[PDB]
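Asker: The structure under discussion is supplied below as structure tokens; questions concerning it will follow.
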Amino acid sequence: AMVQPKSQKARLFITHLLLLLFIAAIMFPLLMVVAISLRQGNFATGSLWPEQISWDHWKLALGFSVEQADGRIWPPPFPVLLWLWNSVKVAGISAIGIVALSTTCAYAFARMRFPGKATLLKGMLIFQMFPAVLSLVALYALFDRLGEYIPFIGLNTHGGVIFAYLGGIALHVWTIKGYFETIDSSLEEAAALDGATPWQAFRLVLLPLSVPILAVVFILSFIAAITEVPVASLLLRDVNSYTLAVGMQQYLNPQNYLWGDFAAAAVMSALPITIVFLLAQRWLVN
Amino acid sequence: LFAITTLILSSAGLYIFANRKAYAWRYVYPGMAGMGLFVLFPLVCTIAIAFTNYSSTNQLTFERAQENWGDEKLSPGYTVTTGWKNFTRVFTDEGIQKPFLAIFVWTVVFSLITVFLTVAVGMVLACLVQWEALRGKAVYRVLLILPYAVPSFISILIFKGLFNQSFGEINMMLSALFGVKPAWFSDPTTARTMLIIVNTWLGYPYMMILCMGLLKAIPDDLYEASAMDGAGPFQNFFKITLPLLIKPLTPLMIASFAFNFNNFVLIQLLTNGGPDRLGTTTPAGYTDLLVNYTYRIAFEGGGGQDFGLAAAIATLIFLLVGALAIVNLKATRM
Amino acid sequence: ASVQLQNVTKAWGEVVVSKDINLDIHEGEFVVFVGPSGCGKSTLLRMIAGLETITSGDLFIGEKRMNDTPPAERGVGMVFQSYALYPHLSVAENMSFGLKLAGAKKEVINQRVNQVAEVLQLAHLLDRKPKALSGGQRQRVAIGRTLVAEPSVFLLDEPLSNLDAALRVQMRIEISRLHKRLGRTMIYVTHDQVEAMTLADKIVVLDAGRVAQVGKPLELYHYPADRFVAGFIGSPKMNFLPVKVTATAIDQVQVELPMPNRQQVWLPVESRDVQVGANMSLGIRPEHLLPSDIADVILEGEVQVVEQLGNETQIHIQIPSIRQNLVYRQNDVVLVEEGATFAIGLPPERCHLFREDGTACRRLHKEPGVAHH
Amino acid sequence: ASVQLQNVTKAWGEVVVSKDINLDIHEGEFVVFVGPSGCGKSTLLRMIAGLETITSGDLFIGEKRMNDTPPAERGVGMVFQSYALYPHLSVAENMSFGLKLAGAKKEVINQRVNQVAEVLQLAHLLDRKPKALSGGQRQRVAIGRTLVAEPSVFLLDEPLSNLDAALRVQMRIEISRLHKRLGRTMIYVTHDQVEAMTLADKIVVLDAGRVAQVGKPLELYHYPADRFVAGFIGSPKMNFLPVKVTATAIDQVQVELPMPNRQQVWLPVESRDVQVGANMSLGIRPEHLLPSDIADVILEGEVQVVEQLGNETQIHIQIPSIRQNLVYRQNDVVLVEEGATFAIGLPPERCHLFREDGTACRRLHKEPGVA
């Protein structure tokens, strides 16, 4: 509550005006995709924000009904719920694998010590901030050669998807190691004093203390898996096997552009938005 | 080869029950094996593919035996090791070198511009949000973060629809306000401009979060002393906050530069085929990053599916490893 | 110049940290603010500097009323609990930030920086940054920045808190030298009675954001206003014993020791508004306790804990009847074993009386050094 | 349970953070480690506990070699600075983890915790978690955990660095009650000399990784072995006066005062290995400095600082031809104006003569309280 001059009110008014204008500019695309979802037509034009509430696209995207408009019935365009189910399966398996593979590495890198720690951490950073840069060609060739041997991880299967998705361990090991550093460093020493073998010291003392960060990592990697596009698009070909973010492309196609159905699906994908808004943000002091 | 690699990964041999450094690595191996199999292995394979002639005519390894001399030469041998032939052909060809240099320059310009714009917008938003004299700061944080919460592909495809030309939403809004047709997809310059706008819109909230954290790390006594001396808001921002933010922000700027360099998902989802260079042996567009150039050579049907050229490992991953070394040097700083 | 506070009240919403305090700091006076760990003292220094809004009342620096003047125009310099040194700026830029912000004559800026460096011994370390300096160097740099700003009132927010004993003593003497040379008004906040008593020309004891008593250090030590002041001033806690009033004279009050002795003793106090047959509270510092041989009034007790600090012996005495253990302190080493019956004396001149409301009656025993200045 | 550190040397990489420490702590002694460098004392305590490796030398817990014994079997109980409290476990679980690991039996695990909670005033909150605790309560849980463990020796760190004044007082009280109640071997670490003086049966002054002196607190005060310990013990640093020896007897040494009058004092001293004409340093405590009228040897100088503390006044006198302002303490209050001239006396019996190297000659004068 510092005593401040009369210029403070002017600064506050200017800041409020600028922030309101900026938020309007930012929310224009989202409000426009919301309004388009309620538009009757799928080719847009007409009125920018129609007052009518058709809801036909939502029911098409839900698949609840065919939404008879004229004599001819309109079958659902694409199985969005099937997209969601495949995406959920892939994301769940990928998140479980990421957590299981990353927790022990985070422990080793953060709490205990070993001679090769500096080189291992440097290599961890080095191979962590790689993206999926040209690895797609190698993955495609490898899955082509492997599908004849073991089909369940070969091509046009979820096995290749999950195998490509398990790389996120390099990214998540840093978050879990940061949490491990946050936890007090005398806990393992005290546990060893009471007679705990270091494996028990991890399992009984520090592992139950990792539940919040493990849940946060699970949610973050689940979202990153649900919203992935490159690998799934490249090696997913069968129409029934498509995950999310890959049929969305088929929604917008030059032979048939579909605003209403695409927007209905996009606002049906509102749940990841809220999840990342609240659980991923974890209401940490920003 | 895969069996030998897996056997190496399994019997690394450092699991000897001796309570030595073996124990420590017994914790690291789970996940270290995961990386060695799921991250390093594709990279090494991409390295191996470059030295070969893997293509739509040589995709098969050896299975075609019958399907005399029986074309037992080199090219009918399908998968063969050429050796630096694909590396030389990216330069000496001059049919793919010029497009390569053009998209390289465009990628560098795009990444630098988007990094600077993103850093500036995020830093300004963070400084304004942490005023402690505002109202509804939580609401403002939520609203300014919403682009981060919305899944990326959804926003990219929404922008693809909005910036459409055949029917269009933003275009006819602009026509109603003052009649002009920007022609985003047709004109390469407008395509790059829309591309920069979309990348900034996607990327600003992350740097806003990072700057908000760094302002939290910044103490308040310096601000109080400046206020005692008589400094105003802008003087405070330019002589207190900014000098103490660029020093811990340079590695973040470099990492964002790398990410915007390899933004395959964005450049592939939005205007994947921005107006083609019109005279390229391999397909290539003006709004093409290096990653999607290689993707076009790899899997797009018109590119001939030349996997050997599609590697381009020693260019992309080598500038990327230079970036790794630079950020690693900056991380050990102070 | 002269800082004056009239009915200053601060309200953090429901809670009122400080209420209707009154101070009159004349020009040049070294005044320290002491109290428990409550942030009332720090918040008081902050509202004086202008960093916190004064909810109600008035604050006068010199003549003009300054309740709603920004700290830039206040002519007040402050050092904080943390040293508030900008890490990026060098030492010279750290001390000359304000001059750079306000004026533009680099000749004047460097002249003042060099002068303050020579008088604060900061010349050879002028080009360095705050990280490489030690604690004493950083504190001297902050003091040099304040002297560069050259305010009418100097504010110190616990400067001797982040240093060890030797360095804090040396910089205490340095602060005393600064006060002696400049002579400008300086306001101090600390928790340590030692620093307060060594430095201050006036001490203001704060109790939950209330002015318990204001006066000279020896004045507080000899004539506390109430129980809180008596307990706070003095490194060993002042011994407190209940007493019953039996008869009140014109200038002395009799009390009964709550012990099977049933002894009555006259104590020279104000004896004003004292009610006969009233529960009272007798207090006496451990230092002033007299040995048994040369004292008529005797407190016989059993030794509980004997602490041999070496330069003085602290003997905890349990009296058969009073709840709290009597604390005794004697010069040099006293060889008494635990579990031994001990006798000590109560000098009737050096006693204090505190009523049920907590207020104290002023003693009539004139004390040396009270009128030193 | 008598730890017998012998010729133990610590080599953290290449820098020797501890020289050849040679201590001997008998059964049921409360030994305090006081020093200016916090790492070395804590490092030595950790090597005692087993959490750290000993480079050379042998450690003896009780009457068995314990250099390579793992920490669990050392029979020691350590109280960390952060108390190493497990947040997810409750207070009782924290207190009885050691018993839970091996044979909880669901009888002793509760009987012990109940007894230690009653004798530690913790039973009313034994089922809470460390998050819902105060500082004193958390320290009490750590102490009760150690008591449930029942170690042969009790190792306590120096967490007063992070503590407040009231919590330090509570700590000191309860550790005193602990030591008096049990009477088992205990080691304590501190950097404050007052704490060691109020609670110690044997004090180890540790400097630069080398043990300076080992003895009782009054022994360290009255007969300091060297300059470092002599300065360390006593809040007002002992006034040091360089001196020149005139003659040496078999029981006393006569030195020369920098004072112009060049006075010679036949101070009692060990008077062993002292050569005439050499230069040494003479030390007299601020408390022992007599008033000028009583003592024959008077130190006249100009007063610089008069610090009236009520019970005592720290008169700083800048003696001519001597750089140091000699601190002089007197009971009650003395009205002395700054800048004036005040004279003080020097009692010969309280002068601690110090060799040029730093070793102090033994004072032949008997002193009460040293036993």
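Chain labels follow the order of the structure tokens: the first chain is A, the next B, and so on; residue numbering restarts at 1 in every chain, and ligands are counted from 1 in their shown order.
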Can you work out which residues from chain C touch chain B at a cut-off of 10 Å (counting only C-alpha atoms) and hand them back as number ranges by chain?
Answerer: C: 49-51, 70-89, 96-102, 149
Asker: Include N, CA and C atoms and write out the residues we just selected as a tab-separated table (two decimals), in the first residue's frame.
Answerer:
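Just written: part.tsv:
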chain	number	residue	atom	x	y	z
C	49	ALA	N	8.61	6.17	6.32
C	49	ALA	CA	9.26	6.36	5.03
C	49	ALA	C	8.27	6.61	3.90
C	50	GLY	N	7.00	6.31	4.11
C	50	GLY	CA	6.00	6.44	3.07
C	50	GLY	C	5.68	5.18	2.30
C	51	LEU	N	6.29	4.05	2.67
C	51	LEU	CA	6.08	2.78	1.99
C	51	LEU	C	4.74	2.14	2.32
C	70	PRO	N	4.43	11.29	-1.82
C	70	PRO	CA	5.16	10.11	-2.27
C	70	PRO	C	6.56	10.09	-1.69
C	71	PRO	N	7.14	8.90	-1.50
C	71	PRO	CA	8.45	8.82	-0.84
C	71	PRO	C	9.57	9.53	-1.58
C	72	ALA	N	9.40	9.79	-2.88
C	72	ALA	CA	10.40	10.55	-3.62
C	72	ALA	C	10.53	11.97	-3.09
C	73	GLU	N	9.40	12.61	-2.80
C	73	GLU	CA	9.37	13.99	-2.32
C	73	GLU	C	9.52	14.09	-0.81
C	74	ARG	N	9.58	12.97	-0.10
C	74	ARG	CA	9.56	12.97	1.35
C	74	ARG	C	10.88	13.40	1.98
C	75	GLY	N	11.98	13.39	1.23
C	75	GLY	CA	13.27	13.70	1.82
C	75	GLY	C	13.65	12.75	2.93
C	76	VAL	N	13.47	11.45	2.71
C	76	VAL	CA	13.74	10.42	3.71
C	76	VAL	C	14.53	9.31	3.05
C	77	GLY	N	15.57	8.84	3.72
C	77	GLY	CA	16.41	7.75	3.23
C	77	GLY	C	16.22	6.52	4.09
C	78	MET	N	16.24	5.35	3.46
C	78	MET	CA	15.94	4.09	4.12
C	78	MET	C	16.93	3.02	3.71
C	79	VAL	N	17.36	2.22	4.69
C	79	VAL	CA	18.03	0.95	4.43
C	79	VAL	C	17.12	-0.15	4.94
C	80	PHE	N	17.08	-1.27	4.22
C	80	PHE	CA	16.08	-2.29	4.48
C	80	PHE	C	16.69	-3.45	5.27
C	81	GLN	N	15.82	-4.38	5.70
C	81	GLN	CA	16.29	-5.58	6.37
C	81	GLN	C	17.25	-6.36	5.48
C	82	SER	N	16.82	-6.66	4.26
C	82	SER	CA	17.76	-7.04	3.22
C	82	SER	C	18.48	-5.80	2.72
C	83	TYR	N	19.66	-6.00	2.15
C	83	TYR	CA	20.50	-4.86	1.80
C	83	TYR	C	20.04	-4.15	0.53
C	84	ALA	N	19.11	-4.75	-0.22
C	84	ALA	CA	18.43	-4.09	-1.34
C	84	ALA	C	19.43	-3.51	-2.34
C	85	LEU	N	20.45	-4.30	-2.65
C	85	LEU	CA	21.47	-3.92	-3.62
C	85	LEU	C	21.15	-4.56	-4.96
C	86	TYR	N	21.15	-3.76	-6.02
C	86	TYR	CA	20.87	-4.28	-7.35
C	86	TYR	C	22.04	-5.13	-7.81
C	87	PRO	N	21.85	-6.42	-8.07
C	87	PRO	CA	22.99	-7.27	-8.45
C	87	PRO	C	23.67	-6.85	-9.74
C	88	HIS	N	22.91	-6.35	-10.72
C	88	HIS	CA	23.50	-6.03	-12.02
C	88	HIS	C	24.36	-4.78	-11.96
C	89	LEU	N	23.89	-3.74	-11.27
C	89	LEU	CA	24.66	-2.51	-11.14
C	89	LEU	C	25.91	-2.74	-10.30
C	96	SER	N	24.65	5.48	-6.79
C	96	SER	CA	24.30	6.68	-7.54
C	96	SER	C	23.06	6.49	-8.42
C	97	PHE	N	22.29	5.43	-8.19
C	97	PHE	CA	21.05	5.23	-8.95
C	97	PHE	C	20.12	6.43	-8.83
C	98	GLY	N	19.88	6.90	-7.60
C	98	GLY	CA	18.96	8.01	-7.42
C	98	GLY	C	19.45	9.29	-8.07
C	99	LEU	N	20.75	9.57	-7.94
C	99	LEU	CA	21.31	10.77	-8.56
C	99	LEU	C	21.24	10.68	-10.08
C	100	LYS	N	21.49	9.50	-10.65
C	100	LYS	CA	21.34	9.34	-12.09
C	100	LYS	C	19.89	9.56	-12.52
C	101	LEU	N	18.94	9.03	-11.73
C	101	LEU	CA	17.53	9.18	-12.06
C	101	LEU	C	17.09	10.64	-12.01
C	102	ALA	N	17.58	11.40	-11.03
C	102	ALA	CA	17.11	12.76	-10.83
C	102	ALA	C	17.94	13.78	-11.61
C	149	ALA	N	22.24	9.77	-1.36
C	149	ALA	CA	20.92	10.38	-1.48
C	149	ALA	C	20.80	11.60	-0.57
Asker: If we count only C-alpha atoms, which residues of chain D reach to within 10 Å of chain A? Please list them as a JSON list (two decimals) with N, CA, C and O atoms, in the first residue's frame.
Answerer:
[["chain", "number", "residue", "atom", "x", "y", "z"],
["D", 49, "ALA", "N", 28.51, -40.50, 13.19],
["D", 49, "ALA", "CA", 27.26, -41.22, 12.99],
["D", 49, "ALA", "C", 27.40, -42.36, 11.99],
["D", 49, "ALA", "O", 26.66, -43.34, 12.06],
["D", 50, "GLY", "N", 28.34, -42.24, 11.05],
["D", 50, "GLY", "CA", 28.49, -43.21, 9.98],
["D", 50, "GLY", "C", 28.01, -42.74, 8.62],
["D", 50, "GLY", "O", 28.23, -43.46, 7.64],
["D", 51, "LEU", "N", 27.37, -41.58, 8.54],
["D", 51, "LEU", "CA", 26.90, -41.06, 7.26],
["D", 51, "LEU", "C", 28.04, -40.61, 6.35],
["D", 51, "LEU", "O", 27.80, -40.37, 5.17],
["D", 70, "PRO", "N", 28.14, -50.29, 9.18],
["D", 70, "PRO", "CA", 27.11, -49.48, 8.53],
["D", 70, "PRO", "C", 26.35, -48.64, 9.55],
["D", 70, "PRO", "O", 26.35, -48.96, 10.75],
["D", 71, "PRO", "N", 25.70, -47.56, 9.11],
["D", 71, "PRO", "CA", 25.10, -46.62, 10.08],
["D", 71, "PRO", "C", 24.07, -47.25, 11.00],
["D", 71, "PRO", "O", 23.94, -46.81, 12.15],
["D", 72, "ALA", "N", 23.32, -48.25, 10.53],
["D", 72, "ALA", "CA", 22.24, -48.81, 11.33],
["D", 72, "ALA", "C", 22.76, -49.45, 12.61],
["D", 72, "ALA", "O", 22.17, -49.29, 13.68],
["D", 73, "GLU", "N", 23.86, -50.19, 12.52],
["D", 73, "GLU", "CA", 24.38, -50.96, 13.64],
["D", 73, "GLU", "C", 25.32, -50.17, 14.54],
["D", 73, "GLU", "O", 25.83, -50.72, 15.52],
["D", 74, "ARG", "N", 25.57, -48.89, 14.24],
["D", 74, "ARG", "CA", 26.47, -48.10, 15.07],
["D", 74, "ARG", "C", 25.90, -47.78, 16.44],
["D", 74, "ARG", "O", 26.65, -47.32, 17.31],
["D", 75, "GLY", "N", 24.61, -48.01, 16.67],
["D", 75, "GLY", "CA", 24.01, -47.69, 17.95],
["D", 75, "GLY", "C", 24.03, -46.22, 18.28],
["D", 75, "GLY", "O", 24.25, -45.85, 19.44],
["D", 76, "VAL", "N", 23.80, -45.36, 17.29],
["D", 76, "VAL", "CA", 23.83, -43.92, 17.47],
["D", 76, "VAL", "C", 22.50, -43.33, 17.01],
["D", 76, "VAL", "O", 21.81, -43.90, 16.16],
["D", 77, "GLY", "N", 22.14, -42.20, 17.60],
["D", 77, "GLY", "CA", 20.91, -41.51, 17.25],
["D", 77, "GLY", "C", 21.17, -40.04, 16.98],
["D", 77, "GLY", "O", 21.60, -39.31, 17.87],
["D", 78, "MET", "N", 20.91, -39.61, 15.75],
["D", 78, "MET", "CA", 21.28, -38.28, 15.29],
["D", 78, "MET", "C", 20.03, -37.43, 15.11],
["D", 78, "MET", "O", 18.99, -37.94, 14.69],
["D", 79, "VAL", "N", 20.14, -36.15, 15.44],
["D", 79, "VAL", "CA", 19.04, -35.20, 15.30],
["D", 79, "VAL", "C", 19.46, -34.16, 14.27],
["D", 79, "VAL", "O", 20.25, -33.26, 14.57],
["D", 80, "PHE", "N", 18.94, -34.29, 13.05],
["D", 80, "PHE", "CA", 19.35, -33.44, 11.95],
["D", 80, "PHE", "C", 18.89, -32.00, 12.17],
["D", 80, "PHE", "O", 18.02, -31.71, 13.00],
["D", 81, "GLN", "N", 19.49, -31.09, 11.40],
["D", 81, "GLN", "CA", 19.11, -29.68, 11.47],
["D", 81, "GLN", "C", 17.66, -29.48, 11.05],
["D", 81, "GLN", "O", 16.92, -28.72, 11.68],
["D", 82, "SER", "N", 17.24, -30.15, 9.98],
["D", 82, "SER", "CA", 15.87, -30.10, 9.51],
["D", 82, "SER", "C", 14.99, -31.17, 10.15],
["D", 82, "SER", "O", 13.82, -31.29, 9.77],
["D", 83, "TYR", "N", 15.54, -31.96, 11.07],
["D", 83, "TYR", "CA", 14.85, -33.01, 11.80],
["D", 83, "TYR", "C", 14.47, -34.18, 10.90],
["D", 83, "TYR", "O", 13.99, -35.21, 11.38],
["D", 84, "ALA", "N", 14.70, -34.02, 9.59],
["D", 84, "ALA", "CA", 14.45, -35.06, 8.59],
["D", 84, "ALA", "C", 13.07, -35.71, 8.79],
["D", 84, "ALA", "O", 12.91, -36.92, 8.70],
["D", 85, "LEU", "N", 12.08, -34.86, 9.05],
["D", 85, "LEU", "CA", 10.74, -35.35, 9.38],
["D", 85, "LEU", "C", 10.01, -35.80, 8.12],
["D", 85, "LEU", "O", 9.96, -35.07, 7.13],
["D", 86, "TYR", "N", 9.44, -37.00, 8.18],
["D", 86, "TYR", "CA", 8.67, -37.52, 7.05],
["D", 86, "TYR", "C", 7.27, -36.92, 7.07],
["D", 86, "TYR", "O", 6.52, -37.13, 8.03],
["D", 87, "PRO", "N", 6.88, -36.16, 6.04],
["D", 87, "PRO", "CA", 5.57, -35.49, 6.10],
["D", 87, "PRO", "C", 4.39, -36.44, 6.01],
["D", 87, "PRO", "O", 3.41, -36.27, 6.74],
["D", 88, "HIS", "N", 4.45, -37.45, 5.14],
["D", 88, "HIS", "CA", 3.29, -38.31, 4.92],
["D", 88, "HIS", "C", 2.99, -39.17, 6.15],
["D", 88, "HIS", "O", 1.83, -39.42, 6.46],
["D", 89, "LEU", "N", 4.03, -39.62, 6.85],
["D", 89, "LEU", "CA", 3.82, -40.38, 8.07],
["D", 89, "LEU", "C", 3.36, -39.47, 9.20],
["D", 89, "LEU", "O", 3.67, -38.28, 9.25],
["D", 96, "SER", "N", 8.33, -43.99, 15.67],
["D", 96, "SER", "CA", 8.57, -45.43, 15.79],
["D", 96, "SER", "C", 8.89, -46.09, 14.46],
["D", 96, "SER", "O", 8.67, -47.30, 14.31],
["D", 97, "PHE", "N", 9.38, -45.34, 13.47],
["D", 97, "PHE", "CA", 9.85, -45.95, 12.22],
["D", 97, "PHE", "C", 10.91, -47.01, 12.47],
["D", 97, "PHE", "O", 10.88, -48.08, 11.86],
["D", 98, "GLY", "N", 11.87, -46.71, 13.35],
["D", 98, "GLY", "CA", 12.94, -47.66, 13.61],
["D", 98, "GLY", "C", 12.43, -48.99, 14.12],
["D", 98, "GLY", "O", 12.91, -50.06, 13.72],
["D", 99, "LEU", "N", 11.44, -48.96, 15.02],
["D", 99, "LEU", "CA", 10.84, -50.19, 15.50],
["D", 99, "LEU", "C", 9.94, -50.84, 14.46],
["D", 99, "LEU", "O", 9.81, -52.06, 14.42],
["D", 100, "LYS", "N", 9.31, -50.03, 13.60],
["D", 100, "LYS", "CA", 8.42, -50.57, 12.58],
["D", 100, "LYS", "C", 9.19, -51.35, 11.53],
["D", 100, "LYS", "O", 8.70, -52.34, 10.98],
["D", 101, "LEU", "N", 10.42, -50.90, 11.22],
["D", 101, "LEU", "CA", 11.21, -51.57, 10.19],
["D", 101, "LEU", "C", 11.51, -53.01, 10.57],
["D", 101, "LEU", "O", 11.46, -53.91, 9.71],
["D", 102, "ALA", "N", 11.81, -53.26, 11.84],
["D", 102, "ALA", "CA", 12.17, -54.59, 12.32],
["D", 102, "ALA", "C", 11.37, -54.89, 13.58],
["D", 102, "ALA", "O", 11.69, -54.38, 14.66],
["D", 145, "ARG", "N", 11.65, -39.42, 18.57],
["D", 145, "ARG", "CA", 12.09, -40.47, 17.66],
["D", 145, "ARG", "C", 13.43, -41.03, 18.11],
["D", 145, "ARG", "O", 13.62, -42.26, 18.17],
["D", 146, "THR", "N", 14.37, -40.15, 18.43],
["D", 146, "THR", "CA", 15.67, -40.62, 18.92],
["D", 146, "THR", "C", 15.51, -41.41, 20.21],
["D", 146, "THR", "O", 16.13, -42.47, 20.38],
["D", 149, "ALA", "N", 14.26, -44.80, 19.53],
["D", 149, "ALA", "CA", 15.37, -45.58, 19.01],
["D", 149, "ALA", "C", 16.29, -46.07, 20.12],
["D", 149, "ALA", "O", 16.88, -47.15, 20.02]]
Asker: Run DSSP on the backbone and tell me which residues of region 95-205 of chain C come out as helix (DSSP H, G or I); list them as a PyMOL selection string.
Answerer: chain C and resi 95+97-102+106-120+135-149+159-161+165-182+193-199
Asker: Please report the interatomic distance between CA of residue 332 (chain B) and CA of residue 129 (chain A) in Å with one decimal.
Answerer: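 About the pair CA of residue 332 (chain B) and CA of residue 129 (chain A): they are 16.0 Å apart.
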Asker: For residue 20 (chain C), please output as a list in words all residues within 12 Å (counting only C-alpha atoms; exclusion window: fewer than 6 positions along the same chain).
Answerer: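 In the requested format, the answer is residues 5, 6, 7, 8, 9, 10, 11, 44, 54, 55, 56, 57, 58, 59, 209, 210 and 211 of chain C.
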Asker: How about saving the chosen residues, C-alpha atoms kept, as an mmCIF file, in the first residue's frame?
Answerer:
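And here's result_39.cif as it stands now:
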data_model
loop_
_atom_site.group_PDB
_atom_site.id
_atom_site.type_symbol
_atom_site.label_atom_id
_atom_site.label_comp_id
_atom_site.auth_asym_id
_atom_site.auth_seq_id
_atom_site.Cartn_x
_atom_site.Cartn_y
_atom_site.Cartn_z
ATOM 1 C CA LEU C 5 3.639 11.419 14.850
ATOM 2 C CA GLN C 6 0.168 12.436 16.057
ATOM 3 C CA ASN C 7 -2.516 9.774 16.617
ATOM 4 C CA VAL C 8 -1.036 7.513 13.942
ATOM 5 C CA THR C 9 -3.224 4.428 13.474
ATOM 6 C CA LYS C 10 -2.757 1.632 10.929
ATOM 7 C CA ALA C 11 -5.535 -0.803 10.006
ATOM 8 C CA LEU C 44 5.947 1.883 11.602
ATOM 9 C CA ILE C 54 -1.059 5.762 7.266
ATOM 10 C CA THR C 55 -4.693 4.792 7.822
ATOM 11 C CA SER C 56 -5.447 7.744 10.106
ATOM 12 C CA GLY C 57 -3.605 10.491 11.934
ATOM 13 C CA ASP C 58 -0.840 12.855 10.907
ATOM 14 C CA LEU C 59 2.907 12.583 10.331
ATOM 15 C CA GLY C 209 1.843 -1.535 18.038
ATOM 16 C CA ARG C 210 1.460 0.637 21.140
ATOM 17 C CA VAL C 211 3.997 2.986 22.711
#
Asker: Write out as a Markdown table a residue-level contact list of chain A versus chain C with cut-off 9 Å: for each qualifying residue the closest pair of atoms and the distance in Å to one decimal, counting only C-alpha atoms, rows sorted by chain and residue number upward.
Answerer:
| residue | atom | partner | partner_atom | distance |
| --- | --- | --- | --- | --- |
| A:1 | CA | C:52 | CA | 5.1 |
| A:2 | CA | C:51 | CA | 4.5 |
| A:3 | CA | C:70 | CA | 5.6 |
| A:4 | CA | C:70 | CA | 5.8 |
| A:5 | CA | C:70 | CA | 6.5 |
Asker: Identify all chain B residues at most 6 Å from chain A by counting only C-alpha atoms; ligands do not count. Present them as JSON, numbers by chain.
Answerer: {"B": [27, 28, 30, 31, 38, 39, 42, 43, 45, 46, 149, 150, 151, 213, 324]}
Asker: Apply DSSP to the backbone of this structure and, from region 34-262 of chain A, keep only the residues in strand (DSSP E); write these as a PyMOL selection string.
Answerer: chain A and resi 252-253+256-257
Asker: Using C-alpha atoms, can you export the residues from the last selection as a compact mmCIF listing (two decimals), in the first residue's frame?
Answerer:
# COMPACT_ATOMS: atom_id res chain seq x y z
CA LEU A 252 -11.64 -29.59 -43.56
CA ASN A 253 -11.17 -30.93 -47.10
CA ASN A 256 -16.19 -30.64 -48.70
CA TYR A 257 -15.36 -27.93 -46.15
Asker: In Å, how far is it from CA of residue 218 (chain B) to CA of residue 283 (chain A)?
Answerer: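 CA of residue 218 (chain B) sits 20.1 Å away from CA of residue 283 (chain A).
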Asker: Skip residue 182 (chain C) itself and residues of its chain fewer than 2 positions away, then list as a count of residues only all residues within 12 Å of it, counting only C-alpha atoms.
Answerer: 20
Asker: Just the residues within 10 Å of residue 275 (chain D), please, counting only C-alpha atoms, with nothing from its chain fewer than 6 positions along; format it as a PyMOL selection string.
Answerer: chain D and resi 245-248+253
Asker: Set the cut-off to 10 Å and count only C-alpha atoms: what are the residues of chain C that reach chain D? Output as a ChimeraX atom specification.
Answerer: /C:37,165-166,173,176,193-199,217-222,233-235,285-288,306-312,314,331-336,367-370,372
Asker: Let me make sure I understand: among C:232, C:223, C:328, C:342, which one has the smallest atom-to-atom distance to residue 290 (chain C) if we use only C-alpha atoms?
Answerer: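 Between C:232, C:223, C:328, C:342, the residue approaching residue 290 (chain C) most closely is C:328.
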Asker: Do you know which residues are at most 10 Å from residue 355 (chain C) counting only C-alpha atoms, after dropping those on the same chain fewer than 2 positions away, and could you put them as an NGL selection string?
Answerer: :C and (226-227 or 274-275 or 278-282 or 353 or 357-361)
Asker: Show me, as an MDAnalysis selection string, the residues that have an atom within 8 Å of residue 260 (chain A) when counting only C-alpha atoms, minus same-chain residues fewer than 4 positions from it.
Answerer: chainID A and resid 36:43 57 264
Asker: With C-alpha atoms retained, export the selected residues as a PDB file, in the first residue's frame.
Answerer:
ATOM      1  CA  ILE A  36     -19.843 -21.057 -35.961  1.00  0.00           C
ATOM      2  CA  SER A  37     -20.781 -24.262 -34.120  1.00  0.00           C
ATOM      3  CA  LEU A  38     -24.330 -22.938 -33.656  1.00  0.00           C
ATOM      4  CA  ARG A  39     -24.656 -21.807 -37.289  1.00  0.00           C
ATOM      5  CA  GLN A  40     -27.098 -23.838 -39.374  1.00  0.00           C
ATOM      6  CA  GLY A  41     -24.951 -23.971 -42.507  1.00  0.00           C
ATOM      7  CA  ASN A  42     -21.548 -25.623 -42.794  1.00  0.00           C
ATOM      8  CA  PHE A  43     -20.098 -23.335 -45.499  1.00  0.00           C
ATOM      9  CA  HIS A  57     -23.906 -30.032 -36.056  1.00  0.00           C
ATOM     10  CA  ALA A 264     -19.057 -28.992 -33.009  1.00  0.00           C
TER      11      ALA A 264
END
